[PDB]
Amino acid sequence: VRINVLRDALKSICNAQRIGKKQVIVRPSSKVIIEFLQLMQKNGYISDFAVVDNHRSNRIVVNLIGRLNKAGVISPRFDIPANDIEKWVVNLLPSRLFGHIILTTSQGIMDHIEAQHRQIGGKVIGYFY
Amino acid sequence: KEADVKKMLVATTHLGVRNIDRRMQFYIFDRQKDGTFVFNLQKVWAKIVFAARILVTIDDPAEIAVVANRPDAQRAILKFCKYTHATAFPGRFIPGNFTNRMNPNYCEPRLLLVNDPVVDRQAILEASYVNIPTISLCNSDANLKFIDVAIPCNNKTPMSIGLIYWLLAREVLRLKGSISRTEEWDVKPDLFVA
Amino acid sequence: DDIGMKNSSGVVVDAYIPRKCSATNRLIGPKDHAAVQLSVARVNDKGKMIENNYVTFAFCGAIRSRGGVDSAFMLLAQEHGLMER
Amino acid sequence: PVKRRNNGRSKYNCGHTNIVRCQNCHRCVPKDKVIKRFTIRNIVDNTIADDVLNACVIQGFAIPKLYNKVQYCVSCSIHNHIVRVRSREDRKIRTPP
Amino acid sequence: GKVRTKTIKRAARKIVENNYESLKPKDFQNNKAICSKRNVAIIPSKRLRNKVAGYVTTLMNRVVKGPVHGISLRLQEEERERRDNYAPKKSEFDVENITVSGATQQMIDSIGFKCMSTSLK
Amino acid sequence: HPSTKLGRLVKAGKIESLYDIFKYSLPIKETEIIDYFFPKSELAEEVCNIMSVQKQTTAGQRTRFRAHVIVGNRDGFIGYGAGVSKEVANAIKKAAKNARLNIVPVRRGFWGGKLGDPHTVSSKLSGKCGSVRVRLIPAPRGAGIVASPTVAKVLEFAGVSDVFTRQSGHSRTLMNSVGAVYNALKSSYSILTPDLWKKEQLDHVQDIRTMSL
Amino acid sequence: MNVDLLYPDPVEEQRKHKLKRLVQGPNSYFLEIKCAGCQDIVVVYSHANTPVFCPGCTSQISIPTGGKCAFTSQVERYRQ
RNA sequence: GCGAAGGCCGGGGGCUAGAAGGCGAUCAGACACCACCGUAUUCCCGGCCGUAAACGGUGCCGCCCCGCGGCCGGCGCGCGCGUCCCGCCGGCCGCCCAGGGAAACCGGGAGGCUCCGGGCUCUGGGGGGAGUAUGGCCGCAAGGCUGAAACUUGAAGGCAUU
RNA sequence: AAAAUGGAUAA
């Protein structure tokens with residue numbers, strides 16, 4: 001059984017960007033995997049994305065400007081205390097200055113900076129750098 | 001040019017070997033009754049004219065050196081080296097010609113031109129160590145490693161190697177405007193044959 | 001484009017900045033050997049002459065080893081336009 | 001260390017092979033670890049090449065030829081020199097010599 | 001059993017390419033004079049002079065008939081040059097090829113000029 | 001003479017500043033060139049472990065000595081190269097020569113606050129050589145260099161004075177521990193960040209091999 | 001050739017497996033047969049793995065096959 | 001639930017090999033190896049037993065991952081029309097691009113990890129003592145499964161190079 | 001065809 005849609009899909013993005021693979025393919029698509037990609041495209045780590053709505057699992061198209069290093073998901077999706085979002089940042093972030101950890105908060109899918117600006121905490125979904 | 005296309009079809013340059021790779025499928029054209037591959041000559045011109053274009057970039061054409069270990073060829077390289085201003089590095093490659101500060105044949109070329117990677121692999125390998133962009137001219141089976149560009153060509157007959165070397169040199173000099181400028185070439189197609 | 005790390009003042013403070021591969025955007029390495037800033041030459045055509053000034057393409061060291069440096073080139077100069085489709 | 005990837009046998013996808021015995025040792029080695037080189041030879045030694053045919057009354061009779069596979073054990077073979085101890089580089093090459 | 005030492009072989013090669021005309025195919029003594037002729041070459045000791053002389057007489061035989069590589073002669077480079085720079089009296093190779101290969105026709109069709117379409121065919 | 005095409009260009013001054021040569025990734029094989037390009041305190045050096053190396057042959061055992069030398073300047077430059085020779089001192093000289101050729105540019109970094117001039121490392125740069133796996137983690141201003149006594153001093157010559165390290169493997173090996181860190185320190189420039197993602201440059205006529213004095 | 005997955009050449013999708021297509025769907029289609037009294041369309045399953053019978057007749061129009069079903073009488077291509 | 005081989009229980013069998021046993025040579029002594037003879041066994045039907053270098057010494061599903069291949073089972077499209085050519089899937093395999101690892105080397109993973117987090121399960125923690133003792137439990141037994149401690153010792157051990 | 005052995009301790 002495909003236990004996690006996001007992990008395989010994020011490994012596949014990263015796999016394409018080591019082989020260059022300007023055009024990348026994600027086969028199983030979930031709303032969260034779209035929300036992760038808009039967050040990435042808005043950041044600019046990935047250039048853009050789309051999904052071909054075949055009337056089954058909706059396959060996803062990924063376009064990467066090629067400037068990508070490691071993009072992995074953190075599951076088990078531990079909820080993080082708002083005060084200690086940084087301890088997870090120390091382990092998963094290259095430099096406190098750059099990088100992003102996408103969390104899920106009630107207000108909506110939000111990145112590490114937005115969470116501490118609102119002083120809020122959420123379940124870790126993944127790290128994109 | 002229809003008379004050069006007739007010459008290219010005469011050279012049998014449009015012939016290929018058994019199989020191609022992901023990169024080579026671009027130059028592939030068709031399958032014969034026996035099964036070796038064939039190449040579209042449009043791909044031959046773009047690659048050879050591109051090679052002419054890229055070859056004028058480095059001042060001191062000895063720096064755009066030529067290396068080959070193919071019996072049918074070497075002579076064509078030895079004719080190109082004469083018609084252009086390049087230096088041939090043929091026969092035994094002397095592995096470590098490019099490296100070794102005290103090498104009898106110290107070589108530091110700025111660009112490289114080969115007869116093909118498979119015939120002498122040391123040549124293409126010796127690009128990575130010495131920071132050198134490398135070019136070769138290959139048949140349908142193409143191990144395209146380290147090579148900026150590669151040109152589909154038979155590389156099976158002295159005549160085929162000769163006519164692509166003639167077409168390259170004619171274009172290299174014509175693209176420069178040094179001679180010909182698309183006029184009858186100063187040397188014949190048969191001059192480069194072994 | 002203000003490329004490079006900066007202080008609170010905003011001047012580039014990371015000393016040397018490595019160039020980027022044209023096809024993968026990976027930074028050409030400090031001791032990477034295969035990656036090269038080779039130059040491609042345009043022609044007047046009516047002039048039929050080199051104009052002395054022309055574009056350069058950096059082929060990343062990794063792509064050279066991977067073997068895709070050739071198919072990358074046709075695309076690199078296709079967007080530039082000098083090479084045909 | 002694994003001297004060879006085949007691990008010394010050609011057993012692939014089965015997990016079992018039928019077992020035979022060395023012509024010499026009579027050691028039982030599964031079909032996969034067996035030399036098995038096919039033999040075809042004239043029944044009288046080629047030294048009696050045509051001496052027999054000149055002696056043979058019947059016209060156009062050809063000397064009978066044996067067509068027997070010889071199955072030897074690995075241990076028996078190296079000591080009878082049917083195959084030698086190859087070098088690390090030499091082991092991968094096949095091409096029956 | 002006799003095989004020559006490297007010192008003799010190396011010098012002998014120099015003496016055969018320094019002067020092929022002066023050296024002799026069978027006369028060891030003519031070569032012996034050239035081997036020990038002060039400015040031409042010096043061999044310390046007669047036996048070493050004799051050693052080079054025997055080889056330079058055999059090497060003279062080698063150069064005379066089908067010379068092995070590593071030896072240079074004035075005539076050899078010039079004589080080779082004439083054959084390499086000889087182009088066919090008239091290059092009859094191009095002519096009209098005729099006999100079209102089976103699918104080669106499409107490649108000419110797909111580049112804008114037909115190579116005498118159905119004339120070589 | 002100057003043996004290399006780059007070596008003559010360096011003495012001539014056609015290509016100047018070590019940082020420019022590193023930018024074009026030109027292999028440097030001339031020892032004399034580094035001393036000419038940088039005369040500032042020459043290079044600070046350390047002789048890390050001259051190990052004893054042996055080959056048992058017939059009657060007795062041959063004993064070469066293998067030495068690893070750290071040569072560096074606190075301008076984001078660290079040099080780690082080694083040499084082995086029968087003479088113990090000669091090995092050190094051969095190592096210093098190697099240490100000159102493989103001097104590697106270190107990016108250097110600014111932490112959460114860019115208060116002044118770079119003393120921190122760039123990202124959590126990580127390199128492994130042998131079995132020793134080491135990650136250089138950026139550290140706060142007051143944090144200095146935390147690592148093995150020998151590994152930390154390699155960092156001081158590199159010029160990072162704000163780093164955190166956790167090397168894992170057979171660390172007792174001076175040969176690969178201080179070697180794995182060298183891979184990490186060089187990796188500093190191989191890594192990339194969003195400002196570095198901006199596409200510019202491609203000056204073309206600036207190729208070191210193209211330049212002729 | 002800078003084709004990307006978003007628009008794959010039709011032949012590529014037609015060559016690949018009907019599940020491994022950027023748009024997955026039916027490999028099979030409806031192919032006509034000809035019967036007594038009919039010059040018009042007599043559509044049938046292209047890959048019938050079961051017997052179809054001559055309209056108003058006892059004999060079976062399509063032979064059973066794991067793949068596309070074969071026929072013993074005159075037949076008409078796809079849809080017309 | 002099934003599970004090689006050997007064992008064992010009750011019937012049968014009984015050719016050949018052949019645990020034991022005798023025997024010759026064999027050597028200092030061989031009661032070992034090599035001959036010769038031979039019971040159990042091998043064979044069969046109903047039972048137990050529950051082990052193996054049960055091996056790919058690589059758990060189980062899941063997904064991406066580079067070219068050259070061989071075989072194999074369906075399954076297609078064009079060619080002249082062949083048991084062709086390109087392949088599409090499920091396997092069987094050889095070489096191996098990345099990449100990994102102490103390396104041998106895996107690379108259809110032993111890759112996508114210190115830039116560590118798809119899920120479920122077992123199992124280990126220096127080397128002996130020790131699969132030992134005992135407490136069970138299962139078995140006709142032989143034994144299997146679970147499973148100690150006291151005590152000792154500085155190396156044991158992997159792949160490599162000379 | 002027949003061949004077993006070599007104290008400890010440093011070198």
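Please treat every number below as a calculation from the coordinates, not as lab data. Every residue, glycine among them, receives a Cβ derived from its backbone with ideal geometry; neighbour counts consider all protein chains shown.
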Round to a whole angstrom and tell me the spacing of the C-alpha centers of the range A:78-129 and the range E:105-121. 66 Å
Placing one equal point scatterer on each C-alpha of chain G and summing with Debye, one gets log10 I(q)/I(0) at q = 0.22, 0.23 Å⁻¹ equal to -0.97, -1.03
What are the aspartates and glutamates whose alpha-carbon lies under 12 Å from the alpha-carbon of F:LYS199, with same-chain residues fewer than 8 places away excluded? C:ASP1, C:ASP2
In terms of the Cα gyration tensor, with a ≥ b ≥ c the square roots of its eigenvalues, is chain F rounded because a/c is under 1.5, prolate because a/b exceeds b/c, or oblate? oblate
Say the cut-off is 21 Å between C-alpha atoms; which of E:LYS24/E:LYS65; F:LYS5/F:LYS186; B:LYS6/B:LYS156 go over it? F:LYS5/F:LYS186
Go through the range F:70-78 residue by residue and turn each phi into a ³J(HN,Hα) via Karplus (6.51, -1.76, 1.60, θ = phi - 60°); whole Hz please, and just put x for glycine and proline. 9, 10, x, 9, 7, 10, x, 9, 10
How many times 2.2 N^0.38 Å is the alpha carbon radius of gyration of the range B:4-194? 0.98
At a 10 Å Cβ-Cβ cut-off, how would you order B:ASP60, D:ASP50, fewest neighbours first? D:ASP50, B:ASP60
What does the charge add up to near E:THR58, with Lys and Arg as +1, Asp and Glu as -1, over the other residues with Cβ less than 10 Å from its Cβ? +3
Taking the 0 to 90 degree range and rounding to the nearest ten, how far is the long axis of helix A:5-16 tilted relative to the main principal axis of chain A, both from C-alpha atoms? 70 degrees
In the range G:25-80, which trypsin sites (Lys or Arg not before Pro) fall in coil by DSSP and have 13 or fewer other Cβ atoms within 10 Å? G:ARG77, G:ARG79
Within the range A:43-92, report the chymotrypsin sites (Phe, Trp or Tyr not before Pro) that DSSP leaves as loop and that have at most 12 other Cβ atoms within 10 Å. A:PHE78
Here the net charge surrounding C:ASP1, from other residues whose Cβ is less than 9 Å away from its Cβ (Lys, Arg +1; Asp, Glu -1), is -1
Test of understanding: ordering B:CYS107, G:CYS38, C:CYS60 by Cβ neighbours within 10 Å, fewest first, what list do you get? G:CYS38, B:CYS107, C:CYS60
How large is the direction-averaged shadow of the alpha-carbon convex hull of the range A:1-68, in nm²? 4.4 nm²
Filter the cross-link list B:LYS43/E:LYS121; D:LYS92/F:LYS94; A:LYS11/B:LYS145; A:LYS31/A:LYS87; A:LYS22/D:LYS92 down to pairs whose alpha-carbon distance in this structure exceeds 30 Å. D:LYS92/F:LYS94; A:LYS22/D:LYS92
Output wanted: per-residue J couplings in Hz (rounded whole) for the range C:69-85, from phi through Karplus 6.51 cos²θ - 1.76 cosθ + 1.60, θ = phi - 60°, x for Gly and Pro. 5, 5, 5, 5, 4, 4, 5, 4, 8, 5, 5, 5, x, 5, 7, 7, 5
Are there any trypsin sites (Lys or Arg not before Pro) in the range F:163-213 that are in a DSSP loop and have at most 15 other Cβ atoms within 10 Å? List them by number. F:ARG166, F:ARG172, F:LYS198, F:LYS199
Quick shape summary for the range B:150-194, equivalent ellipsoid via Cα gyration tensor, semi-axes whole Å in descending order, reads 20, 12, 6
Would you kindly give the portion of the calculated P(r) for the protein assembly as shown that falls above 47 Å, as a percent of all Cα pairs? 50 percent
Among DSSP bridges having both ends in the range F:106-199, what percentage is antiparallel? Round to the nearest 5. 75 percent
On a C-alpha basis, how far is the centre of the range F:139-203 from the centre of the range F:1-72 in Å? Whole number, if you could? 20 Å
If you rank D:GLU89, G:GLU13 by fewest surrounding Cβ atoms within 10 Å, what's the result? D:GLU89, G:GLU13
Scan around B:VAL149 for amide H atoms under 5 Å from its own, H built in the peptide plane at 1.01 Å from N, and keep only partners 5 or more places away or cross-chain. B:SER136
Peptide ranges B:147-159, B:81-93, G:43-55, D:70-82 listed from the most packed, as the mean C-beta count within 10 angstrom indicates: B:147-159, B:81-93, D:70-82, G:43-55
Using the structure shown, list the pairs from G:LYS18/G:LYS68; B:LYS176/C:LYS46; B:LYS47/C:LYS48; F:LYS29/F:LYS97; C:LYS20/F:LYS114; B:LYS82/B:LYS188 with a Cα-Cα distance above 20 Å, or answer none. C:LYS20/F:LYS114
By the scheme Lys and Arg +1, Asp and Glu -1, what is the net charge of all other residues having a beta-carbon under 15 Å from that of F:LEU6? +3
Return the inverse of the average 1/r over all pairs of distinct C-alpha atoms in the range C:3-84, which is the Kirkwood hydrodynamic radius, in Å to one decimal. 14.8 Å
Nearest 10, in degrees from 0 to 90: the angle of helix E:6-18 to the longest Cα principal axis of chain E is 70 degrees
